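Scroll down for the structure; my scribbles are underneath it.
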Amino acid sequence: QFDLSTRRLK
Amino acid sequence: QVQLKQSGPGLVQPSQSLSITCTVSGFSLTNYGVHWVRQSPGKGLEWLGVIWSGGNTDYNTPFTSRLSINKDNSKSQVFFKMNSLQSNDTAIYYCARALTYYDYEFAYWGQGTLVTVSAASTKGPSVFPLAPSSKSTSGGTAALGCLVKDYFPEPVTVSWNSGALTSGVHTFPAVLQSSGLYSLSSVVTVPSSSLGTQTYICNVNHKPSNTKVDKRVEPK
Amino acid sequence: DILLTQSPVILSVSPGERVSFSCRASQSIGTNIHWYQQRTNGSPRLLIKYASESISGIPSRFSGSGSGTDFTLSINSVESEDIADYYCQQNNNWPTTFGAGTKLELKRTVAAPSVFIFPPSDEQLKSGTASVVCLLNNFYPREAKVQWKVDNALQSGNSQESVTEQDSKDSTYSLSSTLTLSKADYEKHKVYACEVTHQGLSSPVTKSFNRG
């Protein structure tokens with residue numbers, strides 16, 4: 001799932 | 001070189017409309033199509049549409065009615081406008097360009113625009129120092145930082161000494177507090193013997209609220 | 001639309017090892033597939049186009065193969081800067097679609113955190129709120145416990161943690177734990193303690209201070 005804060009999949 | 005620079009991040013009220021401007025350089029809009037892609041938690045990467053060299057547009061099927069892309073060739077600007085945003089439209093929005101004028105292999109991307117869809121209000125952060133001390137020094141290395149508290153929406157940019165200090169810097173991902181405001185720290189480790197000689201300043205820029213603060217961080 | 005399925009969700013490898021990313025398509029798409037790298041806080045960077053063709057400025061260690069429904073992005077010898085998410089894109093069928101991505105994590109040797117503690121600033125106290133920050137710097141692996149104690153009372157539920165993405169240079173993580181109080185509560189107590197547990201430490205490390 002993509003995380004807008006880090007721009008990474010978490 | 002080839003560059004795409006998008007407008008700043010911001011908050012958009014639910015049911016309201018989103019506007020982003022993609023300003024290009026290093027090529028001409030009359031020769032290349034410009035594509036729009038977004039990246040959400042729900043759907044990941046998702047191609048939205050394109051405006052071609054000659055001004056024609058295609059819109060991905062789910063967006064034909066709420067999406068318009070326009071441009072000004074002489075100004076090298078492409079304008080994205082989406083209507084009736086719901087909260088799951090919260091995403092990073094990119095403009096992109098392919099290698100060849102008709103293709104879709106996106107070799108050049110904008111920096112992205114984080115758009116938050118929420119009913120709340122924009123609020124700038126307060127910046128507090130994380131002062132170096134003996135409790136933050138080991139083997140001639142001191143840790144120090146800035147606490148960037150109570151802002152909305154994401155993102156906030158943090159740098160040190162106006163860009164000249166980058167090594168040993170950790171800026172933590174923001175966390176949402178019960179208040180619905182975000183908070184983060186940015187830290188950096190330096191040689192402790194430089195504390196008496198060098199100034200340390202975190203530069204905080206919260207674009208959505210147009211708040212820029214430089215916080216000098218000193219031993220106490 | 002074509003569904004692209006990337007497997008697995010997460011890869012964990014050691015530097016120098018070869019690594020492979022899989023992309024499967026819901027029907028044949030020939031060789032119409034592109035691959036991208038997304039680094040922490042970055043935009044997608046194009047790695048390979050049309051299954052196997054190279055891109056200007058992309059290190060040679062990157063390559064791709066496949067046709068039909070089954071495709072592979074390879075790194076022949078992983079470096080720490082390869083820490084990223086990887087996405088495939090098909091464009092045989094309109095509209096162009098992307099896979100959900102695979103995360104590349106790097107292993108390294110255990111590294112114990114350096115632990116620093118920061119009292120609330122006088123500046124913050126004027127606002128009537130107190131933040132006590134405990135920093136765990138450059139450690140591996142990611143798992144760690146932080147236990148707050150105020151005058152020996154165990155704290156629970158009044159702290160938040162943030163962990164950085166993996167470091168592109170040394171493959172470590174850093175963690176912050178922030179204990180939040182009112183000014184009034186903070187002034188009522190003396191000893192603020194942050195206890196850290198991690199695989200790299202032979203015993204829990206405690207950093208603390210006395211208010212004033």
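By convention in this document, the chains of the structure tokens carry letters A, B, ... by their order, each chain's residues are numbered from 1, and ligands are numbered from 1 in the order they are shown.
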
So that I can see what lies close to stretch 65-70 of chain C, please list as an mmCIF file with N, CA, C and O atoms, in the first residue's frame the residues with an atom at most 8 Å from it, counting only C-alpha atoms and leaving out residues fewer than 4 positions away in the same chain.
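Dumped everything to around08.cif:
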data_model
loop_
_atom_site.group_PDB
_atom_site.id
_atom_site.type_symbol
_atom_site.label_atom_id
_atom_site.label_comp_id
_atom_site.auth_asym_id
_atom_site.auth_seq_id
_atom_site.Cartn_x
_atom_site.Cartn_y
_atom_site.Cartn_z
ATOM 1 N N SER C 22 9.196 -9.841 -10.737
ATOM 2 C CA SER C 22 8.256 -10.471 -11.644
ATOM 3 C C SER C 22 7.063 -9.548 -11.932
ATOM 4 O O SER C 22 6.553 -8.885 -11.028
ATOM 5 N N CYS C 23 6.634 -9.497 -13.194
ATOM 6 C CA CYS C 23 5.399 -8.804 -13.583
ATOM 7 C C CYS C 23 4.583 -9.726 -14.463
ATOM 8 O O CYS C 23 5.043 -10.127 -15.534
ATOM 9 N N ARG C 24 3.369 -10.053 -14.037
ATOM 10 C CA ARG C 24 2.491 -10.863 -14.876
ATOM 11 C C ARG C 24 1.273 -10.111 -15.373
ATOM 12 O O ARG C 24 0.665 -9.338 -14.642
ATOM 13 N N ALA C 25 0.924 -10.337 -16.633
ATOM 14 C CA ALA C 25 -0.206 -9.637 -17.247
ATOM 15 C C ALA C 25 -1.418 -10.551 -17.409
ATOM 16 O O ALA C 25 -1.272 -11.758 -17.594
ATOM 17 N N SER C 26 -2.610 -9.959 -17.351
ATOM 18 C CA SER C 26 -3.858 -10.716 -17.380
ATOM 19 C C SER C 26 -4.174 -11.303 -18.768
ATOM 20 O O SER C 26 -4.996 -12.213 -18.896
ATOM 21 N N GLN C 27 -3.521 -10.769 -19.797
ATOM 22 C CA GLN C 27 -3.490 -11.396 -21.118
ATOM 23 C C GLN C 27 -2.221 -10.922 -21.835
ATOM 24 O O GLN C 27 -1.532 -10.031 -21.343
ATOM 25 N N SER C 28 -1.898 -11.522 -22.978
ATOM 26 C CA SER C 28 -0.628 -11.230 -23.629
ATOM 27 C C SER C 28 -0.540 -9.765 -24.023
ATOM 28 O O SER C 28 -1.528 -9.154 -24.418
ATOM 29 N N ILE C 29 0.655 -9.206 -23.896
ATOM 30 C CA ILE C 29 0.889 -7.803 -24.203
ATOM 31 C C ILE C 29 2.181 -7.678 -24.989
ATOM 32 O O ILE C 29 2.779 -6.599 -25.059
ATOM 33 N N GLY C 30 2.596 -8.794 -25.587
ATOM 34 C CA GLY C 30 3.804 -8.838 -26.389
ATOM 35 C C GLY C 30 5.019 -8.487 -25.559
ATOM 36 O O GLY C 30 5.351 -9.180 -24.597
ATOM 37 N N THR C 31 5.681 -7.399 -25.928
ATOM 38 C CA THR C 31 6.806 -6.911 -25.161
ATOM 39 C C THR C 31 6.547 -5.466 -24.779
ATOM 40 O O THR C 31 7.482 -4.706 -24.522
ATOM 41 N N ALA C 51 10.190 -4.203 -22.548
ATOM 42 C CA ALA C 51 10.719 -5.445 -21.968
ATOM 43 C C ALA C 51 12.216 -5.511 -21.721
ATOM 44 O O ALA C 51 12.635 -5.988 -20.668
ATOM 45 N N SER C 52 13.019 -5.054 -22.679
ATOM 46 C CA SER C 52 14.461 -5.292 -22.607
ATOM 47 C C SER C 52 15.360 -4.151 -23.071
ATOM 48 O O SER C 52 16.580 -4.232 -22.917
#

Inset, instruction - Return as a PyMOL selection string the residues belonging to chain C that are within 6 Å of chain B, counting only C-alpha atoms. - result: chain C and resi 46+98+116-117+164

Inset, instruction - Write out as a list in words the residues lying within 7 Å of residue B:113, counting only C-alpha atoms and excluding same-chain residues fewer than 6 positions away. - result: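 Counting only C-alpha atoms, the residues come to residues 6, 7, 8, 9, 92, 93 and 94 of chain B.
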
Same residues, N, CA and C atoms, saved as a PDB file, in the first residue's frame:
ATOM      1  N   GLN B   6       5.784  21.466 -11.574  1.00  0.00           N
ATOM      2  CA  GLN B   6       4.368  21.590 -11.259  1.00  0.00           C
ATOM      3  C   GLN B   6       4.169  22.606 -10.156  1.00  0.00           C
ATOM      4  N   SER B   7       2.948  23.100 -10.034  1.00  0.00           N
ATOM      5  CA  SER B   7       2.620  24.032  -8.973  1.00  0.00           C
ATOM      6  C   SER B   7       2.637  23.347  -7.606  1.00  0.00           C
ATOM      7  N   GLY B   8       2.652  24.167  -6.558  1.00  0.00           N
ATOM      8  CA  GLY B   8       2.761  23.690  -5.192  1.00  0.00           C
ATOM      9  C   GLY B   8       1.616  22.848  -4.658  1.00  0.00           C
ATOM     10  N   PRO B   9       1.899  22.059  -3.627  1.00  0.00           N
ATOM     11  CA  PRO B   9       0.855  21.231  -3.017  1.00  0.00           C
ATOM     12  C   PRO B   9      -0.171  22.087  -2.298  1.00  0.00           C
ATOM     13  N   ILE B  92      -0.766  11.984  -5.098  1.00  0.00           N
ATOM     14  CA  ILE B  92       0.234  12.776  -5.776  1.00  0.00           C
ATOM     15  C   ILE B  92      -0.123  12.796  -7.252  1.00  0.00           C
ATOM     16  N   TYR B  93      -0.157  13.988  -7.833  1.00  0.00           N
ATOM     17  CA  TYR B  93      -0.460  14.156  -9.245  1.00  0.00           C
ATOM     18  C   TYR B  93       0.805  14.555  -9.989  1.00  0.00           C
ATOM     19  N   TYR B  94       1.116  13.818 -11.055  1.00  0.00           N
ATOM     20  CA  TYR B  94       2.303  14.056 -11.861  1.00  0.00           C
ATOM     21  C   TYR B  94       1.910  14.468 -13.271  1.00  0.00           C
TER      22      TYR B  94
END

Find the residues near stretch 179-192 of chain C: any atom within 10 Å, counting only C-alpha atoms, skip ones fewer than 5 places away on the same chain, and give them as a PDB file with N, CA, C and O atoms, in the first residue's frame.
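See part30.pdb below for the written result:
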ATOM      1  N   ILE C 117      18.393  11.905  23.702  1.00  0.00           N
ATOM      2  CA  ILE C 117      17.131  12.417  24.224  1.00  0.00           C
ATOM      3  C   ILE C 117      17.141  13.950  24.271  1.00  0.00           C
ATOM      4  O   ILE C 117      18.169  14.580  24.558  1.00  0.00           O
ATOM      5  N   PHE C 118      15.997  14.540  23.958  1.00  0.00           N
ATOM      6  CA  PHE C 118      15.855  15.982  23.897  1.00  0.00           C
ATOM      7  C   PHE C 118      14.679  16.416  24.758  1.00  0.00           C
ATOM      8  O   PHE C 118      13.543  16.008  24.516  1.00  0.00           O
ATOM      9  N   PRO C 119      14.948  17.232  25.778  1.00  0.00           N
ATOM     10  CA  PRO C 119      13.871  17.875  26.533  1.00  0.00           C
ATOM     11  C   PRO C 119      13.063  18.838  25.675  1.00  0.00           C
ATOM     12  O   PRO C 119      13.506  19.227  24.597  1.00  0.00           O
ATOM     13  N   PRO C 120      11.864  19.204  26.139  1.00  0.00           N
ATOM     14  CA  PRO C 120      11.096  20.239  25.428  1.00  0.00           C
ATOM     15  C   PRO C 120      11.796  21.591  25.510  1.00  0.00           C
ATOM     16  O   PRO C 120      12.409  21.910  26.531  1.00  0.00           O
ATOM     17  N   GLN C 124       8.700  25.972  23.232  1.00  0.00           N
ATOM     18  CA  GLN C 124       7.485  25.152  23.180  1.00  0.00           C
ATOM     19  C   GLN C 124       6.645  25.261  24.458  1.00  0.00           C
ATOM     20  O   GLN C 124       5.422  25.336  24.391  1.00  0.00           O
ATOM     21  N   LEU C 125       7.301  25.275  25.615  1.00  0.00           N
ATOM     22  CA  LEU C 125       6.593  25.379  26.896  1.00  0.00           C
ATOM     23  C   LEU C 125       5.689  26.625  27.025  1.00  0.00           C
ATOM     24  O   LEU C 125       4.617  26.554  27.638  1.00  0.00           O
ATOM     25  N   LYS C 126       6.118  27.749  26.441  1.00  0.00           N
ATOM     26  CA  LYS C 126       5.296  28.965  26.374  1.00  0.00           C
ATOM     27  C   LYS C 126       3.962  28.699  25.704  1.00  0.00           C
ATOM     28  O   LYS C 126       2.963  29.327  26.029  1.00  0.00           O
ATOM     29  N   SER C 127       3.957  27.777  24.751  1.00  0.00           N
ATOM     30  CA  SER C 127       2.733  27.401  24.062  1.00  0.00           C
ATOM     31  C   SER C 127       1.850  26.480  24.911  1.00  0.00           C
ATOM     32  O   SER C 127       0.710  26.210  24.550  1.00  0.00           O
ATOM     33  N   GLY C 128       2.372  25.992  26.034  1.00  0.00           N
ATOM     34  CA  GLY C 128       1.575  25.182  26.947  1.00  0.00           C
ATOM     35  C   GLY C 128       1.576  23.686  26.673  1.00  0.00           C
ATOM     36  O   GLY C 128       0.764  22.935  27.226  1.00  0.00           O
ATOM     37  N   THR C 129       2.496  23.253  25.817  1.00  0.00           N
ATOM     38  CA  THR C 129       2.625  21.847  25.448  1.00  0.00           C
ATOM     39  C   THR C 129       4.085  21.440  25.575  1.00  0.00           C
ATOM     40  O   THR C 129       4.970  22.265  25.380  1.00  0.00           O
ATOM     41  N   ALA C 130       4.334  20.180  25.924  1.00  0.00           N
ATOM     42  CA  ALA C 130       5.702  19.669  26.043  1.00  0.00           C
ATOM     43  C   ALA C 130       5.942  18.413  25.198  1.00  0.00           C
ATOM     44  O   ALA C 130       5.232  17.404  25.333  1.00  0.00           O
ATOM     45  N   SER C 131       6.957  18.463  24.341  1.00  0.00           N
ATOM     46  CA  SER C 131       7.346  17.312  23.533  1.00  0.00           C
ATOM     47  C   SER C 131       8.728  16.842  23.965  1.00  0.00           C
ATOM     48  O   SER C 131       9.691  17.612  23.917  1.00  0.00           O
ATOM     49  N   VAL C 132       8.823  15.582  24.377  1.00  0.00           N
ATOM     50  CA  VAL C 132      10.097  14.959  24.709  1.00  0.00           C
ATOM     51  C   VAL C 132      10.423  13.969  23.600  1.00  0.00           C
ATOM     52  O   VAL C 132       9.650  13.039  23.341  1.00  0.00           O
ATOM     53  N   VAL C 133      11.559  14.167  22.936  1.00  0.00           N
ATOM     54  CA  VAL C 133      11.923  13.391  21.758  1.00  0.00           C
ATOM     55  C   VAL C 133      13.067  12.451  22.111  1.00  0.00           C
ATOM     56  O   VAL C 133      14.073  12.868  22.694  1.00  0.00           O
ATOM     57  N   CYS C 134      12.904  11.183  21.758  1.00  0.00           N
ATOM     58  CA  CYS C 134      13.952  10.184  21.886  1.00  0.00           C
ATOM     59  C   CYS C 134      14.331   9.702  20.495  1.00  0.00           C
ATOM     60  O   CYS C 134      13.471   9.241  19.738  1.00  0.00           O
ATOM     61  N   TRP C 148       8.843   4.707  27.529  1.00  0.00           N
ATOM     62  CA  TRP C 148       8.945   5.957  28.268  1.00  0.00           C
ATOM     63  C   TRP C 148       8.610   5.782  29.752  1.00  0.00           C
ATOM     64  O   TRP C 148       7.744   5.004  30.117  1.00  0.00           O
ATOM     65  N   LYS C 149       9.317   6.512  30.603  1.00  0.00           N
ATOM     66  CA  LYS C 149       9.052   6.493  32.031  1.00  0.00           C
ATOM     67  C   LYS C 149       9.177   7.898  32.596  1.00  0.00           C
ATOM     68  O   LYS C 149      10.172   8.579  32.361  1.00  0.00           O
ATOM     69  N   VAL C 150       8.165   8.327  33.338  1.00  0.00           N
ATOM     70  CA  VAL C 150       8.201   9.614  34.019  1.00  0.00           C
ATOM     71  C   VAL C 150       8.116   9.368  35.532  1.00  0.00           C
ATOM     72  O   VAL C 150       7.109   8.829  36.027  1.00  0.00           O
ATOM     73  N   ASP C 151       9.174   9.759  36.250  1.00  0.00           N
ATOM     74  CA  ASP C 151       9.331   9.435  37.676  1.00  0.00           C
ATOM     75  C   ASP C 151       8.918   7.993  37.957  1.00  0.00           C
ATOM     76  O   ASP C 151       8.094   7.736  38.831  1.00  0.00           O
ATOM     77  N   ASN C 152       9.465   7.067  37.183  1.00  0.00           N
ATOM     78  CA  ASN C 152       9.146   5.646  37.327  1.00  0.00           C
ATOM     79  C   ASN C 152       7.734   5.196  36.909  1.00  0.00           C
ATOM     80  O   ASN C 152       7.472   4.005  36.858  1.00  0.00           O
ATOM     81  N   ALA C 153       6.828   6.120  36.611  1.00  0.00           N
ATOM     82  CA  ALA C 153       5.553   5.706  36.030  1.00  0.00           C
ATOM     83  C   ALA C 153       5.758   5.345  34.559  1.00  0.00           C
ATOM     84  O   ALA C 153       6.221   6.171  33.768  1.00  0.00           O
ATOM     85  N   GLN C 155       4.874   5.021  30.826  1.00  0.00           N
ATOM     86  CA  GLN C 155       3.978   5.780  29.971  1.00  0.00           C
ATOM     87  C   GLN C 155       3.384   4.852  28.930  1.00  0.00           C
ATOM     88  O   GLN C 155       4.085   4.014  28.374  1.00  0.00           O
ATOM     89  N   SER C 156       2.092   5.001  28.663  1.00  0.00           N
ATOM     90  CA  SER C 156       1.474   4.208  27.614  1.00  0.00           C
ATOM     91  C   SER C 156       0.428   4.959  26.780  1.00  0.00           C
ATOM     92  O   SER C 156      -0.536   5.524  27.315  1.00  0.00           O
ATOM     93  N   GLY C 157       0.610   4.945  25.465  1.00  0.00           N
ATOM     94  CA  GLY C 157      -0.367   5.541  24.570  1.00  0.00           C
ATOM     95  C   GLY C 157      -0.202   7.041  24.336  1.00  0.00           C
ATOM     96  O   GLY C 157      -0.931   7.618  23.528  1.00  0.00           O
ATOM     97  N   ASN C 158       0.740   7.677  25.037  1.00  0.00           N
ATOM     98  CA  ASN C 158       0.985   9.107  24.856  1.00  0.00           C
ATOM     99  C   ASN C 158       2.315   9.411  24.132  1.00  0.00           C
ATOM    100  O   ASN C 158       2.960  10.430  24.375  1.00  0.00           O
ATOM    101  N   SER C 159       2.725   8.513  23.246  1.00  0.00           N
ATOM    102  CA  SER C 159       3.910   8.746  22.428  1.00  0.00           C
ATOM    103  C   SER C 159       3.622   8.273  21.012  1.00  0.00           C
ATOM    104  O   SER C 159       2.779   7.406  20.790  1.00  0.00           O
ATOM    105  N   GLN C 160       4.297   8.862  20.045  1.00  0.00           N
ATOM    106  CA  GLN C 160       4.198   8.375  18.685  1.00  0.00           C
ATOM    107  C   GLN C 160       5.599   8.136  18.138  1.00  0.00           C
ATOM    108  O   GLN C 160       6.556   8.810  18.540  1.00  0.00           O
ATOM    109  N   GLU C 161       5.710   7.164  17.235  1.00  0.00           N
ATOM    110  CA  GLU C 161       6.979   6.818  16.623  1.00  0.00           C
ATOM    111  C   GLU C 161       6.967   7.124  15.145  1.00  0.00           C
ATOM    112  O   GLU C 161       5.942   6.989  14.500  1.00  0.00           O
ATOM    113  N   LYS C 207      18.375   6.552  28.158  1.00  0.00           N
ATOM    114  CA  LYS C 207      18.768   7.959  28.157  1.00  0.00           C
ATOM    115  C   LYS C 207      17.713   8.735  28.918  1.00  0.00           C
ATOM    116  O   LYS C 207      16.521   8.541  28.702  1.00  0.00           O
ATOM    117  N   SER C 208      18.140   9.599  29.823  1.00  0.00           N
ATOM    118  CA  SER C 208      17.191  10.344  30.637  1.00  0.00           C
ATOM    119  C   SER C 208      17.735  11.691  30.995  1.00  0.00           C
ATOM    120  O   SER C 208      18.904  11.975  30.768  1.00  0.00           O
ATOM    121  N   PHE C 209      16.874  12.526  31.554  1.00  0.00           N
ATOM    122  CA  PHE C 209      17.306  13.814  32.062  1.00  0.00           C
ATOM    123  C   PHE C 209      16.419  14.217  33.220  1.00  0.00           C
ATOM    124  O   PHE C 209      15.324  13.670  33.392  1.00  0.00           O
ATOM    125  N   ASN C 210      16.902  15.170  34.010  1.00  0.00           N
ATOM    126  CA  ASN C 210      16.099  15.786  35.048  1.00  0.00           C
ATOM    127  C   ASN C 210      15.665  17.156  34.566  1.00  0.00           C
ATOM    128  O   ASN C 210      16.507  17.965  34.191  1.00  0.00           O
ATOM    129  N   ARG C 211      14.361  17.410  34.549  1.00  0.00           N
ATOM    130  CA  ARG C 211      13.872  18.751  34.258  1.00  0.00           C
ATOM    131  C   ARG C 211      14.571  19.733  35.200  1.00  0.00           C
ATOM    132  O   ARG C 211      14.659  19.490  36.404  1.00  0.00           O
ATOM    133  N   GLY C 212      15.096  20.819  34.645  1.00  0.00           N
ATOM    134  CA  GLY C 212      15.952  21.715  35.405  1.00  0.00           C
ATOM    135  C   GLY C 212      17.269  21.064  35.814  1.00  0.00           C
ATOM    136  O   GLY C 212      18.178  20.864  34.996  1.00  0.00           O
TER     137      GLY C 212
END

Inset, instruction - Could you jot down the atom CA of residue B:13 to atom CA of residue B:89 separation for me, Å, one decimal place? - result: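 Going from atom CA of residue B:13 over to atom CA of residue B:89, I get 11.0 Å.
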
Would you mind listing, for every residue of stretch 156-184 of chain C within 10 Å of stretch 136-147 of chain C, the two atoms forming the shortest contact and the distance between them in Å to one decimal, using only C-alpha atoms, sorted by chain and ascending residue number, as JSON lines?
{"residue": "C:156", "atom": "CA", "partner": "C:147", "partner_atom": "CA", "distance": 8.4}
{"residue": "C:159", "atom": "CA", "partner": "C:147", "partner_atom": "CA", "distance": 9.4}
{"residue": "C:161", "atom": "CA", "partner": "C:146", "partner_atom": "CA", "distance": 8.9}
{"residue": "C:163", "atom": "CA", "partner": "C:142", "partner_atom": "CA", "distance": 8.3}
{"residue": "C:164", "atom": "CA", "partner": "C:142", "partner_atom": "CA", "distance": 9.7}
{"residue": "C:165", "atom": "CA", "partner": "C:142", "partner_atom": "CA", "distance": 9.8}
{"residue": "C:166", "atom": "CA", "partner": "C:142", "partner_atom": "CA", "distance": 8.9}
{"residue": "C:167", "atom": "CA", "partner": "C:138", "partner_atom": "CA", "distance": 8.5}
{"residue": "C:170", "atom": "CA", "partner": "C:138", "partner_atom": "CA", "distance": 8.4}
{"residue": "C:171", "atom": "CA", "partner": "C:140", "partner_atom": "CA", "distance": 7.8}
{"residue": "C:172", "atom": "CA", "partner": "C:138", "partner_atom": "CA", "distance": 5.0}
{"residue": "C:173", "atom": "CA", "partner": "C:138", "partner_atom": "CA", "distance": 5.2}
{"residue": "C:174", "atom": "CA", "partner": "C:137", "partner_atom": "CA", "distance": 4.7}
{"residue": "C:175", "atom": "CA", "partner": "C:136", "partner_atom": "CA", "distance": 5.0}
{"residue": "C:176", "atom": "CA", "partner": "C:136", "partner_atom": "CA", "distance": 6.2}
{"residue": "C:177", "atom": "CA", "partner": "C:146", "partner_atom": "CA", "distance": 7.2}

Residues of chain A within 7 Å of chain C, counting only C-alpha atoms, as a short mmCIF file (atom, residue, chain, number, x, y, z; two decimals) with N, CA, C and O atoms, in the first residue's frame:
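Heads up, here's the output in iface-v8.cif:
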data_model
loop_
_atom_site.label_atom_id
_atom_site.label_comp_id
_atom_site.auth_asym_id
_atom_site.auth_seq_id
_atom_site.Cartn_x
_atom_site.Cartn_y
_atom_site.Cartn_z
N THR A 6 5.80 9.36 2.41
CA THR A 6 7.14 8.92 2.05
C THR A 6 7.28 8.61 0.56
O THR A 6 8.40 8.49 0.05
N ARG A 7 6.15 8.48 -0.13
CA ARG A 7 6.11 8.09 -1.57
C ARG A 7 6.66 6.66 -1.73
O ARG A 7 7.25 6.29 -2.73
N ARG A 8 6.44 5.85 -0.70
CA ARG A 8 6.92 4.47 -0.72
C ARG A 8 5.80 3.50 -0.36
O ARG A 8 4.84 3.88 0.32
N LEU A 9 5.92 2.27 -0.83
CA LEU A 9 5.02 1.22 -0.38
C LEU A 9 5.36 0.86 1.07
O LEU A 9 6.53 0.74 1.43
#
